[PDB]
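Whatever order the structure lists them in is the order used to number ligands and atoms, beginning at 1. Starting from 1, each residue takes its place in the sequence as its number.
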Amino acid sequence: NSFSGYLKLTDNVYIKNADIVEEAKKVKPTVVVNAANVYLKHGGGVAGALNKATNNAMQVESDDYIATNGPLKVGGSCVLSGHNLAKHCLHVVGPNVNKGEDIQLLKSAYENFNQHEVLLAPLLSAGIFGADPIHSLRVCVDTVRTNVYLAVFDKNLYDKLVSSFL
Ligand SMILES: Nc1ncnc2c1ncn2[C@@H]1O[C@H](COP(=O)(O)OP(=O)(O)OC[C@H]2O[C@H](O)[C@H](O)[C@@H]2O)[C@@H](O)[C@H]1O
């Protein structure tokens with residue numbers, strides 16, 4: 001695969017200090033993961049950046065998905081187009097711990113990754129949703145069995161994560 005410069009964490013999990021949008025643009029992976037909310041309203045963080053890079057096509061598609069199917073579940077997912085970034089985007093909803101949602105649902109969220117052989121992904125719930133980032137990384141490592149390439153935008157966070165036990 002064309003993923004380059006990743007640090008190996010485990011047999012199947014790799015990590016890099018990179019913007020997921022730039023990784024997706026360069027690699028054009030089969031699957032890029034979005035850290036979504038249940039309404040697929042891609043406002044900020046990973047979702048807002050991915051959507052911006054698609055010139056809002058991701059949001060237009062997402063609005064039709066919701067109109068047809070209704071909100072996702074917390075811990076749930078749907079497969080939509082990856083537009084100009086990837087073949088597919090797997091939109092995954094981690095728990096919004098800052099709004100009282102159960103952190104246990106982070107494991108359910110990462111289980112969705114096992115339906116795909118290779119993914120480029122962020123650390124779910126670790127941003128605006130308020131989960132401890134090292135916890136999200138540990139849940140990823142302990143849940144995902146398929147090959148995951150994690151893109152960590154924030155340099156300070158990356159440096160801390162790669163120096164922490166799993
Ligand atoms: N471009 C990026 N590339 C890689 N990692 C990033 C990027 N931007 C942020 N991160 C990191 O990615 C991690 C996740 O941060 P978040 O994207 O907030 O996701 P969540 O699951 O916590 O919140 C979901 C909400 O965020 C959106 O508003 C949605 O629309 C949802 O409403 C953090 O470590 C970030 O530093």
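- Shown in contact with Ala47 at under 4.0 Å from a heavy atom are these atoms of ligand 1, numbered in order with element: 29 (C), 30 (O).
- Atoms of ligand 1 lying under 4.0 Å from any heavy atom of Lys41, numbered from 1 in the order shown and given with element: 30 (O).
- Proximity of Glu23 to ligand 1 is not established, as no heavy-atom distance is less than 4.0 Å.
- The proximity of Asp19 to ligand 1, defined as any non-hydrogen pair under 4.0 Å, involves the side chain as well as the backbone.
- The protein heavy-atom contact nearest to atom 34 (O) of ligand 1 is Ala126 CB, 3.6 Å.
- When each of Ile15, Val13, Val32, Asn1 is paired with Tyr149, the side chain to side chain contact (heavy atoms under 4.5 Å, CB included) condition holds for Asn1 and for no other.
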Which side-chain N or O atoms in residues 46-54 pair as donor and acceptor under 3.5 Å with protein atoms at least two apart or in another chain?
unit_1 : atom_1 : unit_2 : atom_2 : d
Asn51  : OD1    : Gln59  : N      : 2.8
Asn51  : ND2    : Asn56  : OD1    : 2.9
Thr54  : OG1    : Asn51  : O      : 2.8
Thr54  : OG1    : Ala57  : N      : 3.3
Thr54  : OG1    : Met58  : N      : 2.9

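- Regarding atom 29 (C) of ligand 1, its nearest protein heavy-atom neighbour is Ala35 O, 3.4 Å.
- Taking a cutoff of 4.0 Å between a charged side-chain nitrogen and a carboxylate oxygen, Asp142 and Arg138 do not qualify as a salt bridge.
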Given side chain to side chain donor-acceptor pair (under 3.5 Å), test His42 with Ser62 step by step and report yes or no.
CA-CA 9 Å; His42 306 305; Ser62 292; 2.9 Å; yes
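- Between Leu7 and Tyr14, every side-chain heavy-atom pair lies at or beyond the 4.5 Å cut-off.
- Cluster membership for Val79 and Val92, using ILVMFWY side-chain heavy atoms within less than 4.5 angstrom, is shared.
- Heavy-atom separations between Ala151 and ligand 1 include at least one value shorter than 4.0 Å.
- Within a 4.0 Å radius of atom 36 (O) of ligand 1, the protein contributes no heavy atom.
- By the 3.5 Å distance cut-off applied to N or O atoms, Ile20 is counted among the residues near ligand 1.
- Residue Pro133 places every heavy atom at 4.0 Å or more from ligand 1.
- For the residue pair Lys107 and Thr143, a side-chain donor N or O sits within less than 3.5 Å of a side-chain acceptor on the partner.
- For ligand 1, the atoms sitting less than 4.0 Å from at least one non-hydrogen atom of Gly43 are 30 (O), numbered in the order shown with element in parentheses.
- The nearest heavy-atom contact from the protein to atom 26 (O) of ligand 1 is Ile128 CG2, 3.5 Å.
- For atom 22 (O) of ligand 1, the closest heavy atom belonging to the protein is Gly127 N, 2.8 Å.
- Residue contacts with ligand 1 include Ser125, since one or more of its heavy atoms lies under 4.0 Å from the ligand.
- Put simply, CD on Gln115 and CG on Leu119 are 10.5 Å apart, with the number rounded to the nearest 0.5 Å.
- For the pair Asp63/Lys41, a side-chain contact is recorded, criterion being any heavy-atom separation below 4.5 Å from C-beta on.
- Counting only heavy atoms from C-beta outward, the side chains of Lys26 and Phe3 never approach each other to under 4.5 Å.
- Regarding atom 13 (C) of ligand 1, its nearest protein heavy-atom neighbour is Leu123 O, 3.3 Å.
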Please table the atom pairs, donor to acceptor, closer than 3.5 Å between any side-chain atom in residues 125-136 and protein atoms at least two apart or in another chain.
unit_1 : atom_1 : unit_2 : atom_2 : d
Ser125 : OG     : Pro95  : O      : 2.8
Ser136 : OG     : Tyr110 : OH     : 2.7
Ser136 : OG     : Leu124 : O      : 2.7

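- Shortest contact from atom 28 (O) of ligand 1 to any protein heavy atom: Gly44 O, 3.3 Å.
- Nearest non-hydrogen protein atom to atom 32 (O) of ligand 1 is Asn37 ND2, 2.9 Å.
- The single protein non-hydrogen atom nearest to atom 10 (N) of ligand 1 is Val46 CG2, 3.7 Å, given as residue, atom name and distance.
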